[PDB]
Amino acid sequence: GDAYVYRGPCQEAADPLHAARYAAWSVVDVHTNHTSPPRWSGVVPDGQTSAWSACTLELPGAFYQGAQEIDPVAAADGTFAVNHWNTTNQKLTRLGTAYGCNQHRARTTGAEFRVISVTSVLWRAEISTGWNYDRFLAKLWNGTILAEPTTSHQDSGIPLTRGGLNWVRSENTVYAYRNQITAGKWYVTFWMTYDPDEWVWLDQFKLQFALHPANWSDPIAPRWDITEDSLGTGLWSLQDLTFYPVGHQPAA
């Protein structure tokens, strides 16, 4: 069917503080990416273990179409397993069931364009379990909204407000942090990739997942015009997180 919107806080998927979060993020391997494309442990869709995500948020709120509260299970069409992939023991473990999704590809301004690919999956956990992500030297990025002058010329018009990447940090970082889920709770997992080379698909639902590339162009300079169809995807904010029944999401 049609899209529905999430209302409520987005929380870290971790027991102590369940603290709110205000951005989706993406973990970048800058340790072993030269050897071969980075393929690590994490949350993965169905049997496509190459599409690993380290960004999962708990959703304790509710979902609406217009003024009406809706149940993502009732609105669902397709479903598939949301799994944990462990590269150390090569074990794929079912975490829950996907009921909604969204996907988007954002292209930069101007010639020689760059793509951000984003896929979001709304799923309900059916086990209570925890895991740590893998250890490797990393960067981290999220999409930000940037006000900037209109031209290189000194004299600006009304400032542009466009997307850019916050890409951190110069110091060394490892993101081997803990996630914990509770059976029955609702989560969103974000697969976000800057400048990917390859995608994998859940062909039955025409649902894309970009893979982490071995190499990528400068992430600092590019700018993305913010389009109406990028709203709700998680890319530029967590505002108005929007999901579609699986198989009914927009094409990429």
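All residue numbers are counted from 1 along the displayed sequence.
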Quiz prompt | Given 128-136 and 103-111, the range whose Cα B-factors average higher in the PDB entry | solution = 103-111
Quiz item: Which is higher on average in the deposited entry, the C-alpha temperature factors of 58-66 or of 45-53?
Solution: 58-66
Quiz item: From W186, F209, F205, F190, which pick has the Cα B-factor that tops the rest in the entry?
Solution: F205
Practice problem: Divide the modelled residues of the chain into thirds by Cα B-factor and specify which third, lowest, middle or highest, holds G96. | Solution: middle
Quiz item: In terms of the chain's CA B-factor thirds, is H84 lowest, middle or highest?
Solution: lowest
Practice problem: Divide the modelled residues of the chain into thirds by Cα B-factor and specify which third, lowest, middle or highest, holds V174. | Solution: middle
Practice problem: Rank-wise, by C-alpha B-factor, drop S117 into the lowest, middle or highest third of its chain. | Solution: lowest
Exercise. Would you mind ranking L235 by its C-alpha B-factor against the rest of the chain and naming the third, lowest, middle or highest?
Key: lowest
